[PDB]
């Protein structure tokens, strides 16, 4: 058994302290909704901590089916946070999202022109952007990242969460810029996934971008390979929890930052609660 003792999990890309030469997917049902729910609950909890969530309109682009979004919506709604949800996708959403006055579902694939009309329509509310659009090829990726930057420039949000996976070095097309932000690592991501989420909060009227080159691509690939191949396969023996696999240890850390109405005697009790709550909601054993 791959046993180990760990202080804390790697929460952001930058934390990974090792790499592996990438060698050329899921153990749980609804694992994808889980992966998404944890990251977005983590992101939104942070904004709440900063006082920038209440009264904002959450514009989620590439939100369908969005089964897990119902849970996120209920969570903040039950906490008393006032948020309007605007879920836009060309595909249809899970019907559990229907019939809620605080959530507007839009069946539209967004283009730059559309962003301008919704910006005019959302005005003067403050916007929190969440993007999970998916076309893939390096060209498909770049195009998605290009669109995500136009979302921020037009919508001009107070914070953003963007889907982010660096293209493979051996499939490099050109250097590009992505918004400056924290590269949040995702527990329960596919076995060999190199995807993370870019979380940014916008101050003043500036927009800081960062260039990404092929050498960065090589680094992303090796660090993400060691994390997937070695780290995620660890059994944290010093983690006193029903499940000691690395992903549960990693999940505990994101869930411990979440706010609940119900008071708990220990962080462990809360996490156990939120997790039970989350798994029951997702119908995961």
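Positions refer to the first chain, counted from 1.
- Counting the unmodelled positions of the deposited sequence between residue 24 and residue 25 gives a gap of 4 to 9 residues.
- Where coordinates are absent for parts of the deposited sequence, a chain break appears; between neighbours residue 215 and residue 216 there is no such break.
- Stretches 61-69 and 221-229 differ in mean CA B factor, with 221-229 having the higher one.
- Mean CA temperature factor is higher for 207-215 when stretches 207-215 and 126-134 are set side by side in the entry.
- Reading the B-factor column for the CA atoms of 51, 32, 55, 242 in the entry, the top value corresponds to 51.
- Out of 195, 113, 140, 94, it is 113 whose C-alpha atom has the highest B-factor in the PDB entry.
- Residue-level temperature factors show residue 271 in the lowest third of its chain, judged at the C-alpha atom.
- Residue 234: CA B factor lies in the highest third for its chain, per the PDB record.
- For residue 246, the recorded CA B-factor ranks within the middle third of the chain. Only modelled residues enter the ranking.
- Among the modelled residues of the chain, residue 163 sits in the lowest third by CA temperature factor in this PDB entry.
- Per the PDB record, residue ranking by Cα B-factor puts residue 43 in the lowest third of the chain.
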